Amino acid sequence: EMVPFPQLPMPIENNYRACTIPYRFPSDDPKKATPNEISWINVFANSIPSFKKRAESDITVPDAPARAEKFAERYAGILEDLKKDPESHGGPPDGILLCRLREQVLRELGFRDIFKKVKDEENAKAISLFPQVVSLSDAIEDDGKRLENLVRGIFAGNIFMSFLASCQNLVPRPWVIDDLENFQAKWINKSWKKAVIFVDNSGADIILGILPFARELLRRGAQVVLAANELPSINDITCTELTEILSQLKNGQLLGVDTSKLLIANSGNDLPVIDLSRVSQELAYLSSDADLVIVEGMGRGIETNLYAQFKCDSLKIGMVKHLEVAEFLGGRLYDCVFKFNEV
């Protein structure tokens, strides 16, 4: 069904490990949850009120409020189970498991996209601003400063008073991981011809952060594949929705830029993080000749994949939105990670 992402060096066995932050070592007592496990279980438990509120007002679901209560109860219980017995529910837990358990409880109860209304609203608002935001980057004369502005836009989108205001209020550099000078140096040779980008959120993120950047790549002669979730997870953009957005924004051009080398791919993913050892054949086919792999957002690029080694150049770019993640990295809440590995 699924296959390894082609830019992972083979053998991936005993080399690729998706999850970045370990919670347990083999020598730890197997019958007692560890401190990191308790910490991270608590992160997920602390998400329950927001997910319950969103679920309960999902009017597309009959008797959403009762179902949302059952979600909050069932997921809270699974999490307390894991604190008492790390081997329960398919543990010991890692970030992928905790994410997946949350999605399963919701989906079993018949929820399919509790964020759909808000996603649609945020996409609509962003689409109205696309020409304005793109104009501002197009106005910048120097190609390297333009890149920097687009990179700041990716970070701002990944948190978003306005999107453009947020571009100007990022934490000051140096960033916690700051490889932008190196990346800019290579970008100005125009040496990349095949970019693959694992996208994250709907709304400003995909439309005002990612898409202008993608457009700049196209303009500089690169092919760009945008890889998105198959299934809804939180407010993350799915392949289906991104196809609709592109149709909406497009002489089939994006503000005078041809999109014949812009491809939208279903990654096969259904979480807010990603295990790159299991991606769709569609994506594997479209990524078999990639020479830049970009992984966006804290879930896909930081909590997973931050230290993943690729056969080609790779960039992990995202804003830090968990204190526990900031702690792990020795950075600030809202710190920016721009981690670039050449060769």
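Heads up: residue numbers just count along the shown sequence, starting at 1.
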I'd like to know the size of any gap between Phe160 and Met161, counted in deposited residues with no coordinates: none, 1 to 3, 4 to 9, or 10 or more.
10 or more
For the stretch from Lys250 to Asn251, please bin the deposited residues that the model skips: none, 1 to 3, 4 to 9, or 10 or more.
1 to 3
Of 280-288 and 53-61, the stretch whose C-alpha atoms average the higher B-factor in the entry:
53-61
Greater mean Cα temperature factor according to the PDB record, 9-17 or 323-331:
9-17
From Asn269, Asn169, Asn201, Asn123, residue of greatest CA B-factor:
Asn169
By the entry's C-alpha temperature factors, tell me which of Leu150, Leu246, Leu106, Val133 sits highest.
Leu246
Binned into thirds over the chain's modelled residues, the C-alpha B-factor of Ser137 lands in the middle
Of the three thirds of its chain by CA temperature factor, lowest, middle or highest, which one includes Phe155?
lowest
Sorting the chain's modelled residues by C-alpha B-factor, tell me whether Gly95 ends up in the lowest, middle or highest third.
lowest
Based on the deposited C-alpha B factors for this chain, I'd like to know if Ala66 is in the lowest, middle or highest third.
highest
Looking at the temperature factor on the CA atom of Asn36, which third of the chain's modelled residues does it land in?
highest
